[PDB]
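Visitor: Same order as they appear, the protein sequences are chains A and B. Heads up, the final residue of the first sequence is numbered 338 in my numbering, and it's a clean run with no missing numbers. Heads up, the final residue of the second sequence is numbered 669 in my numbering, and it's a clean run with no missing numbers. Could you have a look at this structure, given as structure tokens, before my questions?
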Amino acid sequence: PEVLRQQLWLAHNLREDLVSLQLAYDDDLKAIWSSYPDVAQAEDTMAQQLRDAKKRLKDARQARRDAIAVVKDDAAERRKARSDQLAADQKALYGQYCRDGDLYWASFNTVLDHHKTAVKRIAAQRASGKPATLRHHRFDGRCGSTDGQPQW
Amino acid sequence: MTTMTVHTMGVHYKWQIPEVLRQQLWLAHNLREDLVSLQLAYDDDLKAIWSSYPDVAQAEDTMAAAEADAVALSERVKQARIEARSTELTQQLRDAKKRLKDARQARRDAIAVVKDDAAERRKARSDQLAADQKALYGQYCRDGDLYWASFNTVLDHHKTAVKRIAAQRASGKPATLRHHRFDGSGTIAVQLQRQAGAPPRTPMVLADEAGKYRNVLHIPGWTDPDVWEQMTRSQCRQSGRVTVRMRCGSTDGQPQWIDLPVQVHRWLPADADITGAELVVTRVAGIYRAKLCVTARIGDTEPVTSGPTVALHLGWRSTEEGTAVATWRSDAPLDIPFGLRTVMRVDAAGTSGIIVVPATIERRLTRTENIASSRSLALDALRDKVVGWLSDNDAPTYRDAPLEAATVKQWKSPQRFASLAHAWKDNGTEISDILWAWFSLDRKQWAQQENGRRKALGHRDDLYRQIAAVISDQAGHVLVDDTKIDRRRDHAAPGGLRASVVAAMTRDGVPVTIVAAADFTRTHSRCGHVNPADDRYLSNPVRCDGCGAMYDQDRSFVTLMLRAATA
RNA sequence: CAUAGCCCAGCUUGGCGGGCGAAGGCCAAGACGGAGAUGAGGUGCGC
Ligand SMILES: [Mg+2]
Ligand SMILES: [Zn+2]
Numbered sequence: 187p188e189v190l191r192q193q194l195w196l197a198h199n200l201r202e203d204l205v206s207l208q209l210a211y212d213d214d215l216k217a218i219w220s221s222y223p224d225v226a227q228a229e230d231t232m233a234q235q236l237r238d239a240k241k242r243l244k245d246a247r248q249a250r251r252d253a254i255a256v257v258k259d260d261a262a263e264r265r266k267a268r269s270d271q272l273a274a275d276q277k278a279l280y281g282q283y284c285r286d287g288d289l290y291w292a293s294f295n296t297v298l299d300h301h302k303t304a305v306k307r308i309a310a311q312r313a314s315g316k317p318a319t320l321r322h323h324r325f326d327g328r329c330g331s332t333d334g335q336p337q338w
Numbered sequence: 103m104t105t106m107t108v109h110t111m112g113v114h115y116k117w118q119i120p121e122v123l124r125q126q127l128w129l130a131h132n133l134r135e136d137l138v139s140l141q142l143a144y145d146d147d148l149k150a151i152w153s154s155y156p157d158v159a160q161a162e163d164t165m166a167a168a169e170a171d172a173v174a175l176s177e178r179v180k181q182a183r184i185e186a187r188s189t190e191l192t193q194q195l196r197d198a199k200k201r202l203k204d205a206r207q208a209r210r211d212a213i214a215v216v217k218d219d220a221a222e223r224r225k226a227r228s229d230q231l232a233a234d235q236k237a238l239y240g241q242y243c244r245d246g247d248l249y250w251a252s253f254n255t256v257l258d259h260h261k262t263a264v265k266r267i268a269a270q271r272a273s274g275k276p277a278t279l280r281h282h283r284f285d286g287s288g289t290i291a292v293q294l295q296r297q298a299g300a301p302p303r304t305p306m307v308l309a310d311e312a313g314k315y316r317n318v319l320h321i322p323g324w325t326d327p328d329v330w331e332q333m334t335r336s337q338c339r340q341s342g343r344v345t346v347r348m349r350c351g352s353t354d355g356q357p358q359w360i361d362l363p364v365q366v367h368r369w370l371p372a373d374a375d376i377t378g379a380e381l382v383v384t385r386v387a388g389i390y391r392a393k394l395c396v397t398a399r400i401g402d403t404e405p406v407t408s409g410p411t412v413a414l415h416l417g418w419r420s421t422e423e424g425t426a427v428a429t430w431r432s433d434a435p436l437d438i439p440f441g442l443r444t445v446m447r448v449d450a451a452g453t454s455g456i457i458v459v460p461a462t463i464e465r466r467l468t469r470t471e472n473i474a475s476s477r478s479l480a481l482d483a484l485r486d487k488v489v490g491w492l493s494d495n496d497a498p499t500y501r502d503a504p505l506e507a508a509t510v511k512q513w514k515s516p517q518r519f520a521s522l523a524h525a526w527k528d529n530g531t532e533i534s535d536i537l538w539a540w541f542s543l544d545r546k547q548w549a550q551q552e553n554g555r556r557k558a559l560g561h562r563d564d565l566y567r568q569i570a571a572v573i574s575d576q577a578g579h580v581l582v583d584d585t586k587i588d589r590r591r592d593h594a595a596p597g598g599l600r601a602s603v604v605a606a607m608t609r610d611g612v613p614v615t616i617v618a619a620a621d622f623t624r625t626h627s628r629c630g631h632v633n634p635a636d637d638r639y640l641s642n643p644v645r646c647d648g649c650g651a652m653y654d655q656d657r658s659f660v661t662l663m664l665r666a667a668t669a
């Protein structure tokens with residue numbers, strides 16, 4: 187049914203918005219970290235002959251992580267504020283997708299868990315030195331509401 | 103017009119596999135497995151009938167006793183090795199081996215002498231085998247969903263395999279058929295029926311959308327190869343992206359077709375006569391690669407008359423820049439393409455050369471082996487970690503059944519771990535992350551651990567095939583010998599070079615001559631003296647008994663091959 | 001997730017541009033009979 191197709195389309199749309207919000211939140215954290223002059227200097231520094239470069243690159247990579255740890259406490263409020271900002275924006279998507287949309291709330295809840303599950307895996311994965319991330323997945327194709335009319 | 107040719111066409115990787123094709127491969131697997139089981143049953147019946155003869159019974163009892171003595175002496179030798187932690191006992195074991203071989207010869211003789219008596223029994227069993235196969239066909243086709251062409255292809259593969267195994271058992275290794283697990287990789291086929299007094303199934307007939315085979319196989323957009331060789335590679339590879347309609351099979355008594363995206367690189371000559379088309383599905387590192395093969399009949403080529411005689415010789419002696427896999431000599435100077443001059447070396451006169459394989463093949467295969475070892479160690483680490491977690495925690499149901507540490511401890515193949523991981527994608531358990539963190543990583547490695555190998559091996563094959571071409575370009579006659587250390591020989595593998603050279607010479611019509619290489623290496627070309635010692639040749643060069651000067655054994659080999667040819 | 005390999009219209013080799021389980025392909029030289037990884041015995045599927 188077209189209702190089924192539209193719900194999936196809304197489901198695909200919601201994930202992109204959540205992915206879009208995450209990277210901006212991810213970028214905001216990067217901007218928050220880059221505020222410290224020590225962090226910025228390391229990032230510029232970060233920016234047989236193979237081994238020497240690799241060693242210096244990771245040392246620069248480690249130093250940037252080292253600078254993150256020392257000033258982690260002093261930036262906790264700033265990180266939380268953007269974290270609170272992300273939650274509010276994520277809350278706003280519920281109104282647009284569910285309160286003002288025909289998407290089923292169970293579908294939103296399920297995807298929200300999946301993204302939140304995904305970021306937890308991702309966040310620790312990048313920590314030790316093993317990088318990977320969310321990227322935009324292209325759309326490929328009770329049953330919620332329909333102009334406020336529930337359909338089955 | 104007798105020669106058969108087979109042309110390959112690749113399938114698009116962004117092509118899925120329909121449900122009908124999976125059903126066909128599943129049925130083909132089941133047929134092959136029942137056939138293997140019946141083959142083993144038939145072999146067991148034959149062995150029992152052989153054993154029925156009291157002389158054969160006595161010979162078999164003697165053989166069993168000799169085998170028991172041999173294994174007992176092997177156990178004693180193993181115990182002596184363990185106690186020494188690393189000659190008379192070995193001599194006793196050798197005596198037991200000799201006795202076992204003598205008993206085996208006696209058993210073979212006993213079978214041979216009474217062979218004419220159980221011929222009726224053997225024929226009756228074979229007839230029952232044929233009847234069982236016919237019943238299988240009646241089930242799979244007359245009452246099943248298999249297409250009769252695929253059944254014929256599987257039967258032909260099976261009967262080829264049984265002859266291979268019988269030859270191996272006659273020629274040594276007591277190998278046998280082994281059941282296999284349905285990984286999802288198989289073979290399907292379609293035949294082209296041409297009754298008597300019928301027009302040739304021309305490739306142009308196939309491209310017709312209203313042809314006599316529009317319901318069986320249809321490859322639109324054929325081109326004459328004479329025009330084809332002038333089209334640029336651009337329009338060539340853009341023109342070949344075509345859509346093959348193929349009869350695939352029936353489901354609930356309804357024919358089903360598939361529409362493969364294929365990229366055709368060479369077309370068939372207009373006078374050809376197609377025979378059949380077989381679709382092969384291969385699995386490598388969890389990627390379904392497919393390939394369509396078309397077989398036809400083509401007129402032969404006139405054999406050449408002019409062209410220097412070229413002699414080839416094989417080895418596996420090493421060289422600093424790669425394995426030195428062959429040495430060739432020519433009657434007259436030869437021309438070697440510039441793109442191969444670093445693989446097919448040539449001398450000053452142009453009549454002699456060395457074929458080496460660049461060492462990059464060896465390095466890549468070594469990388470594959472090291473990735474295999476590292477994968478094994480990481481596999482063990484994951485096994486230990488999952489066992490520990492299972493011991494210390496609850497077990498969420500897998501396949502709706504509790505998981506036990508003993509069963510997990512007995513796993514050796516990655517397959518069980520993979521299925522469990524895909525089962526626990528999102529259980530939320532930490533082990534699941536531990537069970538996914540491994541998984542993804544290895545499939546990156548698994549790809550490499552396989553693909554590189556094939557890719558690397560492909561490269562080597564290419565060189566050999568290319569070499570074949572150049573010789574058939576000039577040679578009026580080609581001669582071949584009838585001939586870590588083993589690993590290097592498994593990497594270079596001159597057997598491939600011999601097979602490719604013979605195949606190319608057959609296709610091009612050049613005469614191939616198998617020289618009797620008997621008493622050649624011990625023979626020096628210049629001094630004409632044989633050398634009885636069989637250990638001096640392990641190094642190069644070797645001193646000559648009849649002349650007292652070191653010489654190239656391979657160069658003398660090719661010189662002798664040419665001399666014997668030039669008689 | 002290792003630090004260079006693998007993949008992105010048959011195959012191998014080069015070159016341009018991309019992807020790390022997903023994407024995105026383009027160009028050039030050459031060659032080409034499909035039918036061999038002991039890892040399994042599941043009685044449909046390493047998604
Ligand atoms: Mg290709
Ligand atoms: Zn001599």
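Every residue, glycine too, gets a C-beta built ideally from N, C-alpha and C.
Looking at chain B, which residues of the segment 294–318 of chain A have a Cβ within less than 7 Å of any of its Cβ atoms?
Guide: Hits within the stretch, in order: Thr303, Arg307.
Visitor: Answer with yes or no whether the minimum CB distance from B/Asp544 to chain A is below 8 Å.
Guide: Not one chain A Cβ lies under 8 Å of B/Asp544.
Visitor: Would B/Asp535 pass as an interface residue toward chain A - the criterion being a Cβ-Cβ separation below 8 Å?
Guide: True, the Cβ-Cβ gap to chain A drops below 8 Å.
Visitor: According to DSSP, is B/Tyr390 part of a helix, a strand, or is it coil?
Guide: Here B/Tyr390 sits in strand by DSSP.
Visitor: Suppose the cutoff is 8 Å on Cβ atoms and the five residues either side in sequence are ignored; what does the same chain contact list for A/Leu190 look like?
Guide: If we look at A/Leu190 and ignore the five residues flanking it on each side, its Cβ neighbours are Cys329.
Visitor: Can B/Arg466 be considered in contact with ligand 2, in the sense that its beta carbon sits closer than 7 Å to one or more heavy atoms?
Guide: Not under cutoff, so the answer is no.
Visitor: CB B/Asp171 to CB B/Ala198, shorter than 8 Å?
Guide: Yes, Cβ-Cβ distance for B/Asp171 and B/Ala198 is below 8 Å.
Visitor: Under the three-state reduction of DSSP, which class applies to B/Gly598: helix, strand or coil?
Guide: Helix, per DSSP.
Visitor: Just by C-beta distance, which residues in the segment 418–450 of chain B are closer than 8 Å to chain A?
Guide: So nothing in the stretch comes that close.
Visitor: Check whether the Cβ of B/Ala651 lies closer than 7 Å to any heavy atom of ligand 2, and answer yes or no.
Guide: Yes - ligand 2 has a heavy atom lying nearer than 7 Å to the Cβ of B/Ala651.
Visitor: List the endpoints of the continuous beta strand (DSSP E) containing B/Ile360.
Guide: 357–365 is the extent of the beta strand (DSSP E) around B/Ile360.
Visitor: Hey, how far is the Cα of A/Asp326 from the Cα of B/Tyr115?
Guide: Rounded to whole angstroms, A/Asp326 to B/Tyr115 spans 18 Å at the Cα level.
Visitor: Determine which residues share a DSSP beta bridge with B/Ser420 and list them.
Guide: Answer is B/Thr425.
Visitor: Select from B/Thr425, B/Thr531, B/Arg501, B/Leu522 the residue whose C-alpha is nearest the C-alpha of B/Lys586.
Guide: Comparing Cα positions, the closest option is B/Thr425.
Visitor: Measuring CA to CA, which of B/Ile456, B/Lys557, B/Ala434 is closest to B/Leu442?
Guide: Nearest C-alpha to B/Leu442: B/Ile456.
Visitor: Classify B/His282: buried if its beta carbon has 16 or more other beta carbons within 10 angstroms, exposed otherwise.
Guide: Answer is exposed; the Cβ neighbour count stays below 16.
Visitor: So what's B/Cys243 in DSSP terms, helix, strand or just coil?
Guide: B/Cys243 falls in the helix class under three-state DSSP.
Visitor: When the Cα of residue 674 of chain B is compared with those of B/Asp592, B/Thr585, B/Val604, which residue comes out closest?
Guide: Since the displayed chain B opens at 103 and closes at 669, residue 674 of chain B lies outside it and no answer follows.
Visitor: In the segment 509–538 of chain B, which residues sit with their C-beta less than 9 Å from some C-beta in chain A, listed in chain order?
Guide: Going along the segment 509–538 of chain B in chain order, one finds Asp528, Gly530, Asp535, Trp538 with a Cβ nearer than 9 Å to chain A.
Visitor: Restricting to runs no shorter than 4 residues, where is the alpha helix (DSSP H) found entirely within the segment 205–264 of chain A?
Guide: Taking only runs of at least 4 residues, the alpha helix (DSSP H) segments lying wholly in the segment 205–264 of chain A are 223–232, 235–256.
Visitor: Quick one, which of B/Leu467, B/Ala428, B/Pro305 has its alpha-carbon nearest B/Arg556's?
Guide: Here the closest residue by C-alpha is B/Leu467.
Visitor: Verify whether the separation of the beta carbon atoms of B/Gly401 and B/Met652 is less than 8 Å.
Guide: Against a cut-off of 8 Å, the Cβ pair of B/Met652 and B/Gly401 comes out as no contact.
Visitor: Tell me, please, which residues DSSP counts as bridged to B/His109.
Guide: Per DSSP, B/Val396.
Visitor: If contacts are defined as beta-carbon pairs under 8 Å, then B/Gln576 and B/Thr353 qualify, I think. What distance do you get, rounded to the angstrom?
Guide: Not really, about 55 Å apart at Cβ, beyond 8 Å.
Visitor: To the nearest angstrom, how far is the alpha carbon of A/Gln235 from that of B/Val256?
Guide: Straight-line Cα distance between these residues: approximately 56 Å.
Visitor: Three or more C-beta pairs under 8 Å: does that hold for the segment 290–303 of chain B against the segment 364–378 of chain B?
Guide: The segment 290–303 of chain B vs the segment 364–378 of chain B: in contact.
Visitor: For a test of the three-state rule: what should DSSP assign to B/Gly323, helix, strand or coil?
Guide: B/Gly323: coil per DSSP, three-state reduction.
Visitor: Run the proximity test for B/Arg628: is its beta-carbon closer than 7 Å to any non-hydrogen atom belonging to ligand 2?
Guide: Within the cutoff, so yes.
Visitor: Assuming B/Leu543 contacts B/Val488 (C-beta within less than 8 Å), just tell me the rounded distance between them.
Guide: Contact doesn't hold; Cβ gap of about 15 Å is too wide.
Visitor: Inspect the beta-carbon positions of residue 711 of chain B and B/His631 and report whether they are closer than 8 Å.
Guide: Any question about residue 711 of chain B goes unanswered here, given that chain B covers just 103 to 669.
Visitor: Quick one: measure Cβ to Cβ for B/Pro363 and B/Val113, integer angstroms, because I've assumed they're closer than 8 Å.
Guide: At roughly 6 Å, the Cβ-Cβ gap stays under 8 Å, so B/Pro363 and B/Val113 are in contact.
Visitor: In terms of alpha-carbon separation, which member of B/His415, B/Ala507, B/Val292 lies closest to B/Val458?
Guide: Nearest of B/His415, B/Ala507, B/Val292 to B/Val458, Cα basis: B/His415.
Visitor: So, with DSSP's three-state summary, where would you put B/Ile587?
Guide: The answer is helix: DSSP assigns B/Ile587 an H, G or I state.
Visitor: Do B/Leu231 and B/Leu137 have their C-beta atoms closer together than 8 Å?
Guide: No, they are not a contact pair.
Visitor: For B/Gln340, count the other beta carbons within 10 Å of its own beta carbon; 16 or more makes it buried, fewer makes it exposed. Which is it?
Guide: Burial call: exposed.
Visitor: For B/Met306, which residues in the same chain have their Cβ closer than 8 Å to its Cβ, ignoring the five residues on either side in sequence?
Guide: If we look at B/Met306 and ignore the five residues flanking it on each side, its Cβ neighbours are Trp324, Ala372.
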